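> This structure is in structure tokens; I'll ask about it shortly.
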Amino acid sequence: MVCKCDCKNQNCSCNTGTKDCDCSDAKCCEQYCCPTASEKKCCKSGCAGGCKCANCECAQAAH
Ligand SMILES: [Cd+2]
Ligand SMILES: [Cd+2]
Ligand SMILES: [Cd+2]
């Protein structure tokens with residue numbers, strides 16, 4: 001329920017893009033791995049860096 005910004009990620013509804021907590025309408029304060037997963041859910045949320053999903057910015061070869 002809202003991230004209130006000031007998270008441990010980037011481009012996650014904060015003072016660096018959108019207005020304030022605009023990402024989704026239920027969750028956002030998650031621990032993403034890549035910038036293409038913050039509000040793209042390009043990969044399963046929870047990746048603490050270097051996951052495996054090649055479909056995301058982490059690489060290029062599907063997940
Ligand atoms: Cd991932
Ligand atoms: Cd990803
Ligand atoms: Cd990743």
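Residue names in the structure tokens use chain letters A, B, ... in the order shown, residue numbers from 1 in each chain, and ligand numbers from 1 in the order shown.
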Do you have, as a Markdown table, the list of residues of chain A lying at most 10 Å from ligand 3, each with its nearest atom pair and that distance in Å to one decimal, counting only C-alpha atoms and all ligand atoms and ordered by chain then number?

```
| residue | atom | partner | partner_atom_place_in_ligand_line | distance |
| --- | --- | --- | --- | --- |
| A:32 | CA | ligand 3 | 1 (Cd) | 7.7 |
| A:33 | CA | ligand 3 | 1 (Cd) | 4.6 |
| A:34 | CA | ligand 3 | 1 (Cd) | 4.7 |
| A:35 | CA | ligand 3 | 1 (Cd) | 8.3 |
| A:36 | CA | ligand 3 | 1 (Cd) | 8.3 |
| A:37 | CA | ligand 3 | 1 (Cd) | 7.7 |
| A:42 | CA | ligand 3 | 1 (Cd) | 8.8 |
| A:43 | CA | ligand 3 | 1 (Cd) | 7.5 |
| A:44 | CA | ligand 3 | 1 (Cd) | 9.3 |
| A:45 | CA | ligand 3 | 1 (Cd) | 9.6 |
| A:46 | CA | ligand 3 | 1 (Cd) | 9.7 |
| A:47 | CA | ligand 3 | 1 (Cd) | 6.4 |
| A:48 | CA | ligand 3 | 1 (Cd) | 7.9 |
| A:49 | CA | ligand 3 | 1 (Cd) | 5.6 |
| A:50 | CA | ligand 3 | 1 (Cd) | 4.9 |
| A:51 | CA | ligand 3 | 1 (Cd) | 4.7 |
| A:52 | CA | ligand 3 | 1 (Cd) | 6.4 |
| A:53 | CA | ligand 3 | 1 (Cd) | 6.3 |
| A:54 | CA | ligand 3 | 1 (Cd) | 7.9 |
| A:55 | CA | ligand 3 | 1 (Cd) | 9.1 |
| A:56 | CA | ligand 3 | 1 (Cd) | 6.5 |
| A:57 | CA | ligand 3 | 1 (Cd) | 6.5 |
| A:58 | CA | ligand 3 | 1 (Cd) | 4.2 |
| A:59 | CA | ligand 3 | 1 (Cd) | 7.7 |
```
> Pull C-alpha atoms from the residues just selected and write them as a compact mmCIF listing (two decimals), in the first residue's frame.

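Okay, this is what ended up in selection-v9.txt:
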```txt
# COMPACT_ATOMS: atom_id res chain seq x y z
CA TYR A 32 13.21 -4.81 -7.19
CA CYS A 33 16.47 -5.77 -8.88
CA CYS A 34 16.41 -3.80 -12.13
CA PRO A 35 14.88 -0.44 -13.13
CA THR A 36 12.65 -2.30 -15.58
CA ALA A 37 10.96 -4.19 -12.74
CA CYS A 42 9.39 -7.39 -15.92
CA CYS A 43 10.32 -10.12 -13.45
CA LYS A 44 9.16 -11.67 -10.19
CA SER A 45 9.41 -9.04 -7.46
CA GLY A 46 11.97 -9.74 -4.75
CA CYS A 47 15.14 -10.06 -6.82
CA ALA A 48 17.95 -8.63 -4.69
CA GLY A 49 20.16 -7.86 -7.66
CA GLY A 50 21.42 -10.22 -10.35
CA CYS A 51 18.39 -12.50 -10.54
CA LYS A 52 18.38 -14.50 -13.76
CA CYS A 53 15.42 -13.26 -15.80
CA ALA A 54 16.91 -12.44 -19.20
CA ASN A 55 13.63 -10.89 -20.33
CA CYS A 56 14.21 -7.84 -18.12
CA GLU A 57 16.95 -5.23 -18.27
CA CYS A 58 19.04 -7.78 -16.39
CA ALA A 59 19.70 -9.32 -19.81
```
> A:10, A:24, A:31, A:15: which is nearest ligand 1, counting only C-alpha atoms and all ligand atoms?
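Of all the options, A:31 lies closest to ligand 1.
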> Here is a test: counting only C-alpha atoms, which residue of A:2, A:7, A:60, A:39 is nearest to residue A:21?
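Nearest candidate to residue A:21 out of A:2, A:7, A:60, A:39: A:2.
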> Atom CA of residue A:29 and atom CA of residue A:16 are how many Å apart?
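Interatomic distance here is 15.1 Å.
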